[PDB]
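J.: One structure, pasted below without further comment.
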Amino acid sequence: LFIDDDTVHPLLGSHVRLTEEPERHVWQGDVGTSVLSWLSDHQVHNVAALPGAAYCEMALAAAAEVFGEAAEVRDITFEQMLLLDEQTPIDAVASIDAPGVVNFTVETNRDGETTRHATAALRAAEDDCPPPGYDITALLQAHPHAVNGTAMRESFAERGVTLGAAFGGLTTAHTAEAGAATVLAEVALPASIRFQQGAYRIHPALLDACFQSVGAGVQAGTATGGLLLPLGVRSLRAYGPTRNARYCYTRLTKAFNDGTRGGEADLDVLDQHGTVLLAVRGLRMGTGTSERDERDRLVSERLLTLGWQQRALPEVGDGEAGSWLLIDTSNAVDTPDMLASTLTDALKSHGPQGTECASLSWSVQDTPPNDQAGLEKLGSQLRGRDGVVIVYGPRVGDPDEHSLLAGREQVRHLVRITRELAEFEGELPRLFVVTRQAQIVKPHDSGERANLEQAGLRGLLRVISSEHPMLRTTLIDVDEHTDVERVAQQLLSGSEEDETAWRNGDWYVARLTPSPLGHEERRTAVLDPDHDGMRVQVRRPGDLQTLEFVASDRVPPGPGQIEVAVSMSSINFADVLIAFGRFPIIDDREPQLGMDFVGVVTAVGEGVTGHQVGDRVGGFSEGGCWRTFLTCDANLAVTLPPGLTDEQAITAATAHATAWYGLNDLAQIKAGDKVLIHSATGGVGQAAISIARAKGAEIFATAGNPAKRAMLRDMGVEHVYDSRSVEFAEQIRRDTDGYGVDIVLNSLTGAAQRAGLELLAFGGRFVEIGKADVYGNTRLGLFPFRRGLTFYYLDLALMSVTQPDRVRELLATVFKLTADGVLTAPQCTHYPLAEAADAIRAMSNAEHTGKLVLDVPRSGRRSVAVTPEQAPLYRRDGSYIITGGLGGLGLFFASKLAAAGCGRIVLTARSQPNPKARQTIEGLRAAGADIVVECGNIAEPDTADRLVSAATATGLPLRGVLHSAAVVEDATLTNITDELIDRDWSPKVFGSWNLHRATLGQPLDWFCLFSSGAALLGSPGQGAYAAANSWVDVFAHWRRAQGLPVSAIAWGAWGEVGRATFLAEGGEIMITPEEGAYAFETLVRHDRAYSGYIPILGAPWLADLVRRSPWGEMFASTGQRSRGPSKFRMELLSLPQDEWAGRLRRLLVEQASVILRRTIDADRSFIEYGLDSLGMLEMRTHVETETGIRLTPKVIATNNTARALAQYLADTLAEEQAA
Amino acid sequence: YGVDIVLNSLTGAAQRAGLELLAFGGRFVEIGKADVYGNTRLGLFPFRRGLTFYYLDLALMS
């Protein structure tokens, strides 16, 4: 036992006055957890990351260093936050840019690159007037109803970031009202850290705590979902050492018009009165990403879809001593129960011990006079004994009109059967329902004729078994390969799950799964490049393997715009940059693949001459040149001269164009002068070699590995060196008799190029293409310029954008110089366009030699192309119709379609719209969209015939269609009237099937329908609508197998605590149409058949959604746990008083062992173990926190033994409980 | 829009700011002396606009 033995600003780490031009202040330090162990508390997603407050103190300290006192920092903004390792290298620099103006940024170099994290201005000393003060007592009076600080800590922790312990303060959050725009809090550093106040202007923990005060907001529901992070503040005004800082005051400027965005609050601090030590202005707090990104994440996590899991029979043969009874309830078919008889034989025989299985058959209902027979035979008397099985036959059925009519009455007879079983009071064994190809299953074998009559049986099964937790129903799907013997073996036990299936010779299980949108599932179309607009693109930056084809759509020739079908295209060096996402994307140009093209004119504009349709033409264009059809300006393109083939033109021009430009216009080669080319093996290098050889000048060159240097000798150029090295310059010096070079073309960076300038002699000319060095601002030392140098940077794209005429003249010039043969093509290393990934590798990895060329097969072909997000959603040339559009969601859809300027909009209200709906429709009609109303009942087939004929008779083809019917009741199965069944089914089915058969010829770009979220389980009462909803999903599968697009969406409001959410926020939600409108727009561009757009994990509906069905794919908790008020005391008082002694004795022993760091004996004194006054204080404070008993040393002295102390505490608890 | 051509003899922040003032493809010609011998740490970043640099001395050219 011994001591461990373990002035500079901590975060800055060191200061240096780099007093060059411009003058720069530089700081270098470390902020890892090894030094700042306290900083480890600030962790988001259990990952230690410093808050943005850390930069603010860094900026304040830097400004104080450079600006002296009265320092201030303006418009600080945060980049991506820093992940705190044990040690982390952090660097900050402040530089003078204008007289009296200094800009300051921070960054962290890593693995040869760097990432900036905060930028701010250091202009300060604006005024001498101290900021005015204000009455703290008046604010405190005006702000009652303060919220406990630890509650805010829990709120932040559950939102993703836990603050640990070192981030104390913010004891209470005082507010004026429920809509108060200003709050204040009492803030102070923890005792363990309070000593650190002498090393900061503002302690980072205290500042972050002040930021945490914003979490109170106008309401506790401010930014109800997700976590917010600060993005910096407009201005920061430090005016006093916060050594004595006690309270902080805020002003929520209510920039959160949505209640979530920005915040833009102002923070002040004070002490005991209207002191103002630090002022914070315009805090970008309610932030984190774009609202579009927020909605994308919300719809990603708010969408659900059932999932099917293959597995062996889980509980096969585990049942024993049962007595089954199989009843066929589908004997309207001639022989449905023949397969069920084997199930009875397997159940009766394979079952161990005296296991048996009776067999029965019956029509589903046949006639009303033969009702209640099932109840008497099984449901009331012969059940109870272990085993009940219900079979509906191996029937398959083409969903025609006859099948639809049969299925409606079939589900009616289903509810008739189930009603009697529900009404029975006795216990019922778990049911075994048998159906063939009717359960909703994975797209595997999700074809045609899938017996939709039997498809809707799911929706009611978990309504009867929700009021009766017993008889837990399990769905099984039958097929020819299901091997019914195994099924009955599974039926012999009945494993606890709801849905099972058989799409091959193996067993399946089904449960709900989260539904994030996939990318390979996107809409496709078999397109012909001969006439269909097609383009290539990358799915995500940084992954070249994600190259994919996308329908580029036809592009008619605009004003003065030419249209060209590509014959060939090349690969620019910038392509790999955009391919890997490291392209200089700052300019927000969103570049694509291809700056160059060659081909034949497809179409001609009106403001264009010279060029004409059919001309051989090549040129440069943006928007990506790797597309079948392209429309751009004529001046960007030049007619190919005769003899000059497109193949040679595309592979030679661009590199030759750049080289000739640099060597003829920027520099001017004088025959015999000395020029050097970096990486001559490159296409541009070969082009420059050709230009120089044409110009008859002395040539030096360099390249990579000796293989890349071999062809250089093969083309017969001397002075060949290794580009990867830097010693080439002095080698040239001695190889040029000490005299330097005249012109130099560089593709290198860093020390390589600066040596190049050092090699330049007198009137040297320097031309650079390297994107990296110029964009990195790693400025070259300009001392060698004294020789009289000229520096040029070249970007053909920039000139093309700004001076199309000049680049056009250059292209014509190089075309002529290639036609006459004075210029040689670099290489003909062609590669397939569809396999451009390996070309990207070859250029990026540079393992290849020479110029890489393409091959463009997509002149005319046939393949499936993934449609983009540009896919048609609104069309002037399109008719649209909605059923139930008078509903709020339908009203929003109509409003957005009219605002979008769609062609025609038809509506149906199942007899006629209500007067208010008619008034809203006529008000919206002034927008010009053809809004028309169709009468009749969707349940009537001729009404749908009208919807396909007369609605189309408005004058446009019908493309967008949707159905939006719904039920308005949640009564249990016993109360269901046939009127409700008819109104739920007949409109739905007579819309779906009739519009499917009656709209085949129409373009029909999309088709969607509404659904209920509980359709997988049924509402506690509603079973009929759930059954109806769990019928369209298979119908969607059936229609997709047919081919036409179809989709379905379940609808659910924002009931995270039920109805109380809306009453707490706005009282009225109409099932969240605003976010649904976004999803509806996305869902139009989606082909997924069915999905549940329902909130999850937040609603009380989660509890039943995870226990009603014993299945689970998402954990029903986020790991956040609450703490009971005096946890041990309540559970202790639950026990009888005699137990209390030992029960609290165990806790006393644990606490004493924690304090003393050693084991103890309850009957022995703490003093003999080493307890002291500090230990006594610790133990009594813990006791107060747990049992709230004022333990005092004289009590401790009398009860120095843990047993006696526990007995005294038990007696005290008994006395106070008696009181 | 900025300027197209700059003939500069100033030093330090003056030329630095003026160099930014150049428009796309601008021409910068330098005639002063202090900066070139001072190895001034200017900013290579604005060269994105396709700038061109020229250091001038009649004596050396002669």
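FYI, nothing fancy with the structure tokens labels: chains A, B, ... in order, residues from 1 per chain, ligands from 1 as they appear.
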Please check the contacts: residues of chain A at most 10 Å away from chain B, using only C-alpha atoms, listed as a PyMOL selection string.
T.: chain A and resi 20-23+96-99+666+762-763+765-768+771+773-796+798-799+802
J.: Please identify the strand (DSSP E or B) residues within segment 594-721 of chain A (assignment by DSSP from backbone atoms) and present them as a VMD selection string.
T.: chain A and resid 596 to 603 616 to 620 627 629 to 633 637 to 639 674 to 677 698 to 703 720 to 721
J.: Need to verify the contact set: segment 297-310 of chain A, 9 Å, only C-alpha atoms, exclusion of same-chain residues closer than 2 positions in sequence. Can you return it as a CSV table (one decimal) with N, CA and C atoms, in the first residue's frame?
T.:
```csv
chain,number,residue,atom,x,y,z
A,292,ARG,N,-36.1,15.2,-44.8
A,292,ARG,CA,-36.3,14.1,-45.7
A,292,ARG,C,-35.6,12.8,-45.2
A,293,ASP,N,-34.4,13.0,-44.7
A,293,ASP,CA,-33.7,11.8,-44.2
A,293,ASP,C,-34.5,11.3,-42.9
A,294,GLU,N,-35.0,12.2,-42.1
A,294,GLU,CA,-35.8,11.9,-41.0
A,294,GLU,C,-37.0,11.1,-41.4
A,295,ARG,N,-37.8,11.5,-42.4
A,295,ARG,CA,-38.9,10.8,-42.9
A,295,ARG,C,-38.6,9.4,-43.5
A,312,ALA,N,-37.3,-27.4,-39.4
A,312,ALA,CA,-37.8,-28.7,-39.2
A,312,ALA,C,-39.0,-28.6,-38.2
A,441,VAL,N,-48.0,-16.8,-47.8
A,441,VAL,CA,-46.6,-17.4,-47.7
A,441,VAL,C,-45.7,-16.6,-48.6
A,442,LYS,N,-44.4,-16.8,-48.4
A,442,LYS,CA,-43.3,-16.2,-49.1
A,442,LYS,C,-43.5,-16.3,-50.6
A,499,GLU,N,-48.6,-19.3,-37.3
A,499,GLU,CA,-48.6,-19.6,-38.7
A,499,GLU,C,-47.5,-20.5,-39.1
A,500,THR,N,-47.8,-21.6,-39.8
A,500,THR,CA,-46.9,-22.5,-40.4
A,500,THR,C,-47.3,-22.7,-41.9
A,501,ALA,N,-46.3,-23.1,-42.7
A,501,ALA,CA,-46.6,-23.3,-44.1
A,501,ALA,C,-45.7,-24.4,-44.7
A,502,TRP,N,-46.0,-24.8,-46.0
A,502,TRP,CA,-45.3,-25.8,-46.7
A,502,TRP,C,-45.3,-25.4,-48.2
A,506,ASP,N,-40.6,-29.4,-46.9
A,506,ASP,CA,-40.1,-29.0,-45.6
A,506,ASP,C,-41.1,-28.0,-44.9
A,507,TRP,N,-41.0,-28.0,-43.6
A,507,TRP,CA,-41.9,-27.2,-42.8
A,507,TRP,C,-41.5,-25.8,-42.7
A,508,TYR,N,-42.4,-24.9,-42.4
A,508,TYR,CA,-42.1,-23.5,-42.3
A,508,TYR,C,-42.9,-22.9,-41.1
A,509,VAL,N,-42.4,-21.7,-40.6
A,509,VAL,CA,-43.1,-21.0,-39.6
A,509,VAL,C,-43.1,-19.5,-40.0
A,510,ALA,N,-44.1,-18.8,-39.5
A,510,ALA,CA,-44.3,-17.4,-39.9
A,510,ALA,C,-44.5,-16.5,-38.7
A,511,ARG,N,-44.0,-15.3,-38.8
A,511,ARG,CA,-44.2,-14.3,-37.7
A,511,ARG,C,-43.9,-12.9,-38.3
A,512,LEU,N,-44.4,-11.9,-37.6
A,512,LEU,CA,-44.2,-10.5,-38.1
A,512,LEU,C,-42.7,-10.1,-38.0
A,513,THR,N,-42.3,-9.4,-39.0
A,513,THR,CA,-40.9,-8.9,-39.1
A,513,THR,C,-40.9,-7.4,-39.4
A,514,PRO,N,-39.8,-6.7,-39.1
A,514,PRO,CA,-39.6,-5.3,-39.5
A,514,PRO,C,-39.5,-5.3,-41.0
A,515,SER,N,-39.9,-4.2,-41.6
A,515,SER,CA,-40.0,-4.1,-43.1
A,515,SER,C,-39.2,-2.8,-43.5
A,516,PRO,N,-37.9,-2.9,-43.6
A,516,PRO,CA,-37.1,-1.9,-44.3
A,516,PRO,C,-37.1,-2.1,-45.8
A,517,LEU,N,-37.2,-1.0,-46.5
A,517,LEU,CA,-37.3,-1.1,-48.0
A,517,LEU,C,-36.0,-1.7,-48.5
A,1013,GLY,N,-53.7,-2.6,-39.6
A,1013,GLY,CA,-52.4,-3.1,-39.0
A,1013,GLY,C,-52.6,-4.5,-38.3
A,1016,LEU,N,-52.9,-9.1,-39.2
A,1016,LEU,CA,-52.2,-10.3,-38.9
A,1016,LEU,C,-52.8,-11.0,-37.6
A,1050,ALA,N,-51.2,-1.2,-44.6
A,1050,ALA,CA,-51.9,-1.1,-43.4
A,1050,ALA,C,-51.8,0.2,-42.8
A,1075,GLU,N,-47.5,12.0,-43.0
A,1075,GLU,CA,-46.5,11.0,-43.2
A,1075,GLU,C,-47.0,9.9,-44.1
A,1076,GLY,N,-48.2,9.6,-44.0
A,1076,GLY,CA,-48.8,8.6,-44.9
A,1076,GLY,C,-48.7,9.0,-46.3
A,1078,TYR,N,-46.4,10.9,-47.7
A,1078,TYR,CA,-45.0,10.6,-48.1
A,1078,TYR,C,-44.9,9.1,-48.4
A,1079,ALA,N,-45.3,8.2,-47.5
A,1079,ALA,CA,-45.2,6.8,-47.7
A,1079,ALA,C,-46.0,6.4,-48.9
A,1090,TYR,N,-47.8,-6.4,-49.6
A,1090,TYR,CA,-48.4,-6.0,-48.4
A,1090,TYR,C,-47.4,-5.6,-47.4
A,1091,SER,N,-47.7,-4.6,-46.6
A,1091,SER,CA,-46.8,-4.1,-45.5
A,1091,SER,C,-47.6,-3.3,-44.5
A,1092,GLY,N,-47.2,-3.3,-43.3
A,1092,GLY,CA,-47.8,-2.6,-42.2
A,1092,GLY,C,-47.1,-1.3,-41.8
A,1093,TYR,N,-47.7,-0.2,-42.2
A,1093,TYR,CA,-47.1,1.1,-41.9
A,1093,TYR,C,-47.7,1.6,-40.5
A,1094,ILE,N,-47.3,0.8,-39.5
A,1094,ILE,CA,-47.8,1.0,-38.1
A,1094,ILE,C,-46.7,1.4,-37.2
A,1095,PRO,N,-46.9,2.3,-36.2
A,1095,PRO,CA,-45.9,2.5,-35.2
A,1095,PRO,C,-45.7,1.2,-34.3
A,1096,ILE,N,-44.5,1.0,-33.9
A,1096,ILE,CA,-44.2,-0.2,-33.1
A,1096,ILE,C,-43.2,0.1,-32.0
```
J.: Interatomic distance between atom CA of residue 324 of chain A and atom CA of residue 470 of chain A?
T.: 16.5 Å
J.: Give me the residues within 9 Å of residue 288 of chain A as a count of residues only, counting only C-alpha atoms and dropping any in the same chain fewer than 5 places off.
T.: 6
J.: Would you please extract all alpha helix (DSSP H) residues from segment 938-1110 of chain A, as assigned by DSSP on the backbone, and give them as number ranges by chain?
T.: A: 941-949, 978-997, 1024-1042, 1060-1065, 1073-1084, 1101-1107
J.: Between atom CA of residue 1109 of chain A and atom CA of residue 473 of chain A, what distance in Å does the model show, to one decimal?
T.: 9.8 Å
